[PDB]
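What follows is a short report on a single structure.
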Amino acid sequence: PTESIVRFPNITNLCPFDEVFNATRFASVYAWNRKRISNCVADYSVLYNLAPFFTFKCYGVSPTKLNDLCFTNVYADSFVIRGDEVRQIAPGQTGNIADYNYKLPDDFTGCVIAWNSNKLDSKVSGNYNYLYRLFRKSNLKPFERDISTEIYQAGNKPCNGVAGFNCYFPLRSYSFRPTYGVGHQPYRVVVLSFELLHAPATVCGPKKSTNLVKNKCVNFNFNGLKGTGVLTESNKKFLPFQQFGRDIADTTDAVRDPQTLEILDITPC
Amino acid sequence: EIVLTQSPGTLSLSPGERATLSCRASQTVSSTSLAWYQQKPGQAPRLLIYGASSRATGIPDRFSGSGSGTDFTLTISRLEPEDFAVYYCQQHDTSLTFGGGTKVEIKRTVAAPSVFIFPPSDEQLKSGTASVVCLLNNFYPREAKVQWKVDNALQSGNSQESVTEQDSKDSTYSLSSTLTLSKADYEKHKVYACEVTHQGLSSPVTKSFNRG
Amino acid sequence: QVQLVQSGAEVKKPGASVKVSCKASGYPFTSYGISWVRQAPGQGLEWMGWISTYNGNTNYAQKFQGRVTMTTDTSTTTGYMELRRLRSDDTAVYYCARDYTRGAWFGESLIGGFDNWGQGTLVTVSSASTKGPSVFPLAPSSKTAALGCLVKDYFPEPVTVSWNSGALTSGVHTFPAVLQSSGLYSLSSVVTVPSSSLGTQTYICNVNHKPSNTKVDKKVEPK
Ligand SMILES: *[C@@H]1O[C@H](CO[C@@H]2O[C@@H](C)[C@@H](O)[C@@H](O)[C@@H]2O)[C@@H](O[C@@H]2O[C@H](CO)[C@@H](O)[C@H](O)[C@H]2NC(C)=O)[C@H](O)[C@H]1NC(C)=O
């Protein structure tokens, strides 16, 4: 190899992580909020510089390598839970929150951030503003939201949509107060999910691109796909939605340039 | 909408005491949605406190905020010469509104004015109008009560006053009151009087001047 | 460092419209909104509105619901504000601020405030023409002593005063201008001098009005 070449999409706007973490209001756990992030540069250093009381645990990728990865989309799910239920926000976990409110898939490949919010979400006289679902007919599928309240008939006698014995209201309140322990105090939780598809990789990250060099052996990097070889002006047929081509040996052999929308063959040098 | 009331309207302290300013909310305002601003004479405002507790970037540690629900408080532990300004509370819990304002000045020993008076100049006597100015030199405190008299009678409406800012060195005020009126009724009388009452004086002063 | 620069002053007339500009520098433009506030002479702050620099969403105050409109230009990173049908109550100073109270992308409330302000733009609304100042003396009485000069019937607001070009700086009291019912401003300048220098020293005051190009000097002597 002779040269190192980096090719990333030309996007300038930065991602709005300050609007997710520093939002005045957070949602409940049975009606958790979801935001879509795309077409922006994602610098994750602002999430490391936070004080060492932000619990940060990420699955399927290391936190250090996040700045050299492109993504199709990012999803941010925000809510507030109790102190000791942060254990349940993890793949392959069960409990009252996980079964009935928020479920994570086993192949999650995403990060979870939690922090104590007792100074904001608690009130001296009682803060019943945050709810959670306690009764459900069956466990819910990953990333499914149930914003609906109807009576739960545990027994056998039906009831006229009114509570009573063996007819329960599904939702309950948290009732946070400042005079509790550490496990009974509100916690603000943000879950980041990285959606990676066969797409033009909108959410790139901080990286400057270089000029394209052909007919020479170089180190190349297209949207995080990095390797060593020679780049030839291909004459293959890609559909407008297709981004790269795979060979019989289950490894990429052709790729589209993210700045000028042309096709290139990759060959060993 | 939500109305914020700042109490009191003016604080008179000394360079080194402790100051406490109070903002009162009509309805309940979340603590995450309240901020404080400081504005010096002739400058733009600047952020001091946000979230009712947090301190803005580059703000000296002596500023602190606290409070909740319907009552918020801004405290300055020790007062420097540069901390004399106007302070505003803002909420953005429901729409966005500002407070009334609270000026903090210097409290010093009581002084007394130097009431003067001036006849109209001869250059105004041919322009169809005249003006007479009563002056009040360095005094303290600011609140002084001044009236004009045409030798037996109190007038009103045709007189306007200008008050300077607090002096840099001795922290004193100065006042001017101008009575303007055409030369027609000016020629109808000969003597005028300015009556001044102030907390510093032991008796209301009256300075008169006749034509001549 | 974050910086915001505003345009110059306006001498608009009633029934007209005014554009105020605000150029930002030193930060990513589209990550923060822009807020517009104003202060009338002698009163407190008054919020006018908010605009997002990402998608152009706005949010106005019901007092200016039908009169104000804000726009942004990402190429030059500059915000603009129109106010229409100017009345006598719109004479004020207008401030452009960087916003941290509402999100630019999703439009929700944040924890913060107006954390960066501009220099401010003074807008004066009056149906009056530019007039040069009129200068008169006011000399001490026959009997420290005090004297000065009066500048009256001038427009617009800015007039500068000096005593012998700073020779007598210590002892000068220049009172703020007052707006008369004639639409014109008035002002007095007073100096305190030794009781024996009345008949010896010279006491001239130089008063300068820029919009009328007047640089007039006048001497005050005892009579
Ligand atoms: C959420 O905001 C905090 C505080 O931000 C500051 O105050 C706001 C009103 C607004 O003026 C911001 O521009 C200010 O930065 C952010 O924490 C600050 O971050 C900067 C940059 O990392 C850092 O230099 C400061 O020291 C931080 N200040 C404090 C008090 O920690 C924070 O970046 C935001 N949170 C997230 C997760 O994005």
Side-chain angles (χ1 to χ4, degrees), chain A residues 13-26 33 35 37 40-56 58 63 66-67 74 76-80 111-117 119-120 187-192 206, chain B residues 30-38 44-61 63-65 88-93 96, chain C residues 1-4 24-35 37 50 52-54 96-106 108-118:
Chain A
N13 293 353
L14 302 183
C15 299
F17 289 134
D18 63 358
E19 310 193 28
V20 184
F21 286 90
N22 276 340
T24 293
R25 292 180 179 91
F26 264 48
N33 189 240
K35 273 146 188 182
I37 296 91
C40 57
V41 180
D43 188 332
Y44 294 90
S45 69
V46 308
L47 308 170
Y48 308 144
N49 293 348
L50 299 165
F53 78 96
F54 273 52
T55 309
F56 192 96
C58 183
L66 277 169
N67 290 278
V74 191
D77 309 335
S78 305
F79 48 91
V80 163
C111 311
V112 175
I113 310 161
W115 68 95
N116 197 271
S117 80
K119 281 184 201 300
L120 317 180
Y187 266 76
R188 271 175 189 219
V189 181
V190 166
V191 166
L192 289 180
Chain B
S30 165
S31 75
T32 52
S33 287
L34 189 139
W36 285 91
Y37 302 85
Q38 171 190 354
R46 76 188 193 153
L47 184 66
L48 282 190
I49 296 275
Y50 66 94
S53 299
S54 303
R55 200 173 304 131
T57 303
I59 296 312
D61 191 302
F63 294 103
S64 66
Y88 297 100
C89 47
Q90 163 200 348
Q91 67 95 33
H92 61 269
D93 178 296
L96 193 152
Chain C
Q1 296 287 349
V2 191
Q3 208 183 352
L4 304 164
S25 171
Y27 71 98
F29 191 51
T30 55
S31 286
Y32 312 94
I34 281 182
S35 291
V37 194
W50 173 86
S52 167
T53 47
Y54 170 76
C96 165
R98 188 174 99 170
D99 191 84
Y100 212 87
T101 49
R102 202 179 279 290
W105 288 47
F106 310 110
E108 300 180 298
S109 287
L110 307 167
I111 309 172
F114 315 141
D115 61 357
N116 272 108
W117 297 60

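All ligand and atom numbering here is 1-based and tracks the order in the structure. Quick note: numbers below take in every heavy atom, side chains included, and nothing from hydrogens, waters or symmetry partners. Below, chains carry the letters A, B, ... as their sequence lines are ordered, and counting in each starts from 1.
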Please write down residue, atom name and distance for the protein heavy atom closest to [atom].
{"atom": "atom 9 (C) of ligand 1", "result": "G112(C) CA, 3.6 Å"}
{"atom": "atom 37 (C) of ligand 1", "result": "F21(A) CB, 3.4 Å"}
{"atom": "atom 22 (O) of ligand 1", "result": "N49(A) ND2, 5.0 Å"}
{"atom": "atom 14 (C) of ligand 1", "result": "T57(B) OG1, 4.7 Å"}
{"atom": "atom 38 (O) of ligand 1", "result": "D18(A) CA, 3.7 Å"}

Under 4.0 Å from [atom], is there at least one protein heavy atom?
{"atom": "atom 24 (O) of ligand 1", "value": "no"}
{"atom": "atom 31 (O) of ligand 1", "value": "no"}
{"atom": "atom 4 (C) of ligand 1", "value": "yes"}
{"atom": "atom 11 (O) of ligand 1", "value": "yes"}
{"atom": "atom 34 (C) of ligand 1", "value": "yes"}
{"atom": "atom 27 (C) of ligand 1", "value": "no"}

side-chain hydrogen bond (donor to acceptor under 3.5 Å, both in side chains), that's the test. Do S35(C) and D99(C) meet it? Break it down for me.
CA-CA 6 Å; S35(C) 291; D99(C) 191 84; 2.6 Å; yes
[X] (side chain) donor-acceptor with [Y] (main chain) under 3.5 angstrom:
{"X": "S25(C)", "Y": "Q3(C)", "result": "no"}
{"X": "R55(B)", "Y": "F63(B)", "result": "yes"}
{"X": "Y88(B)", "Y": "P45(B)", "result": "no"}

Taking both backbone and side-chain atoms of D115(C), is any N or O found less than 3.5 Å from an N or O belonging to ligand 1?
yes
Contact check: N22(A) vs ligand 1, nitrogen or oxygen atoms, below 3.5 angstrom
yes
Could you check whether the rings of [X] and [Y] sit parallel, tilted or perpendicular, using 30° and 60° as the cut-offs?
{"X": "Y32(C)", "Y": "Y100(C)", "value": "tilted"}
{"X": "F17(A)", "Y": "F21(A)", "value": "perpendicular"}
{"X": "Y48(A)", "Y": "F56(A)", "value": "perpendicular"}

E19(A) side, atom CD; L110(C) side, atom CG - distance, nearest 0.5 Å
6.0 Å
Evaluating non-hydrogen atoms only, which member of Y50(B), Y27(C), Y100(C) is closest to atom 6 (C) of ligand 1?
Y50(B)
Which residue is it: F79(A), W115(A), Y187(A)? I am looking for the one with a ring pair (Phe, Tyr, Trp, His ring centres under 6.0 Å) to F26(A).
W115(A)
